Structures are given as structure tokens and as C-alpha cells.
């Protein structure tokens, strides 16, 4: 089972300027709950974007995709291909835009947070993959974050 997990603005934006363009602590706790105890796979940029305090993310086997054969990330397994990254039975792909797109065909679950923030797409943003009609989804109820932003959770699956 390969799953993808991400949070997006309604527009599809997931990243800008090498970071995530909003604050939503409740969603980050959700991320931890889903991923804890599993292998997680991410692109090198997403690894770079993790706060030092949680790089690597604790309690998870951190796998990082890079085309730099020499790249080393403390506490992570650097691999050069998606094939080498997807060897664990349950794997969560945690981004970013490039790696979500790469892994989408391999995935049978998506755990998606929609963030109700006005954030029109800009050139060079990182974007969420678009889920087509092969996916079946359940839509959760809107909640307000302590940050003031409304958000909701989707669970998608395809067999």
C-alpha cells in the first residue's frame, strides 16, 4: 500500500518559496497520526524544508529521493529512484510536488487536507496532484483552525 498525504489550498497550491504558505497546526498533528511508525518517502527539497528539530521525522523511516548520488541526509535513507523507495508494504509519500506526481500511479490511498485560504496559483509554485475519477472519496466536515483558517479532511481510495 502506497499512500499520499498532503495539505493544499483550494487552488491546489502546496508550496511556495520552499515552504508551506500557511499555518495549520491541527493538520500537522493529523499528518503525524497518519504517518507514525511507517516508512515515509519525500523529495530532496521536502527533506530540506523540514525544521531541523524534526529532520528526520521521528518514529518514521525517512526515505529521500535525490539524483545526487553523493547526497547524504542525517537520519535518512537517500535513494536515487522511486523503485528503491517503495519497498515497504505500507509507505506514505509526503511530497513535494515532483514526488507526489511521480508516486501517484503507485498510490491507492490519499489523505488530503483542504485549506480554505485565498491563494491563487503563481508560476513556480508546488502543486498538489489532481485526483481523477478512479478515486473514491469521503469528505469530512469543515473546522476552524486556531490560525483562523477553515480546513477539512478527505480520505481517498482506489483498489
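Residue numbers count along the first chain shown, from 1. Between two forms, the rigid core is defined as the largest C-alpha subset superposing within 1.5 Å.
Divergent stretch in 9 other deposited structures of this protein, 64-72 or 47-55 [C-alpha RMS, superposed by the core]: The answer is 47-55, which departs more from the shown form in 9 other deposited structures of this protein.
Per the entry, higher mean C-alpha B factor between 120-128 and 66-74: The entry gives the higher C-alpha B-factor average to 66-74.
Of 96-104 and 22-30, the one with larger mean CA B-factor: Between 96-104 and 22-30, it is 22-30 that shows the higher mean C-alpha B-factor.
B-factor third for the C-alpha atom of residue 2 within its chain: CA B-factor rank for residue 2: middle third.
Cα B factor band for residue 12 (lowest, middle or highest third within the chain): Residue 12: CA B-factor falls in the lowest third of its chain.
B-factor third for the C-alpha atom of residue 109 within its chain: It falls in the middle third of the chain.
Entry-reported Cα temperature factor of residue 38, expressed as the chain third it lands in: Within its chain, residue 38 is a middle-third residue by C-alpha B-factor, going by the deposited values.
For residue 54, the third of its chain into which the C-alpha B factor falls: It falls in the top third of the chain.
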